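Given next, in structure tokens, is a single chain: the form deposited in one PDB entry.
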């Protein structure tokens, strides 16, 4: 299992997976770090994705063509699959997904499922929010989530939104 850390406007992102397939995408200081058992530094890895992320922040990207290995509970899976439903710039609520995937009255259970997302950004755990419309939490900081949302309505540098 190979891993690579690139820079970003919200800080270093660390991608990981097998060959060309991402298993992980995490940030600096976000809760629930996976055990990184058998991880190897590979500077040239995930070049496809690495390009695409850079573009995303640069404004020019909206849909992510990448290969993913999502490993986790069928409830967790069913959720995360739904997250990719969510288009660029749009937002859904915790409650709404619990409906979409047919687990009505599981609005909170999603809470956990979002946080155990192993592949941030590309799987958009940041596009899910409270029914009132408030950011309730983010693995890597509530403010970071905010910066990622304010990118997607106005193409505003997360470099900035981040210190508000």
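Only the largest set of C-alpha atoms that superpose within 1.5 Å between the two forms is called the rigid core. Positions refer to the first chain, counted from 1.
Novice: Compare the mean C-alpha B-factor of 95-103 with that of 115-123 as given in the PDB entry, and name the stretch with the higher value.
Specialist: On average, C-alpha B-factors are higher across 95-103.
Novice: Highest CA temperature factor in the entry: which of 44, 41, 48, 34?
Specialist: In the PDB entry, the greatest C-alpha B-factor among 44, 41, 48, 34 is found at 34.
Novice: Pull the Cα B-factor of residue 54 out of the PDB entry and bin it into the chain's lowest, middle or highest third.
Specialist: Bottom third by C-alpha B-factor.
Novice: Once the chain's modelled residues are ordered by C-alpha B factor and cut into thirds, is residue 27 in the lowest, middle or highest one?
Specialist: Tercile = lowest for this residue's CA B-factor.
Novice: Lowest, middle or highest third: where is residue 14 by Cα B-factor in its chain?
Specialist: Residue 14: CA B-factor falls in the lowest third of its chain.
Novice: Please place residue 164 in the lowest, middle or highest third of its chain according to the CA B-factor in the PDB entry.
Specialist: Tercile = highest for this residue's CA B-factor.
The form deposited in another entry exists for this protein as well; it is not shown, and the discussion that follows is about that form.
Novice: Choose, among 34, 130, 59, 104, the residue with a C-alpha displacement of 2 Å or more between this form and the one not shown when the rigid core is used for superposition.
Specialist: Looking at each option in turn, only one qualifies, and it is 34.
Novice: Look at residue 6 and decide if its Cα position differs by 2 Å or more between this form and the one not shown after superposing on the rigid core.
Specialist: The answer is no, as the C-alpha of residue 6 shifts between this form and the one not shown by less than 2 Å after core alignment.
Novice: Superposing on the rigid core, is the Cα displacement of residue 139 between this form and the one not shown 2 Å or more?
Specialist: Yes; residue 139 is a residue whose C-alpha shifts (by 2 Å or more) between this form and the one not shown when the cores are overlaid.
Novice: Look at residue 156 and decide if its Cα position differs by 2 Å or more between this form and the one not shown after superposing on the rigid core.
Specialist: Moves: yes, 2 Å or greater.
Novice: Your call: residue 43 and residue 31 CA atoms, closer or farther in the other form versus the shown structure, by 3 Å or more?
Specialist: Between the C-alphas of residue 31 and residue 43, the gap narrows in the other form (3 Å or more compared with this form).
Novice: Might you say whether the CA atoms of residue 140 and residue 80 end up closer or farther apart in the other form than in this form? Their distance differs by 3 Å or more.
Specialist: Farther apart, which means the C-alphas of residue 140 and residue 80 are at least 3 Å more distant in the other form.
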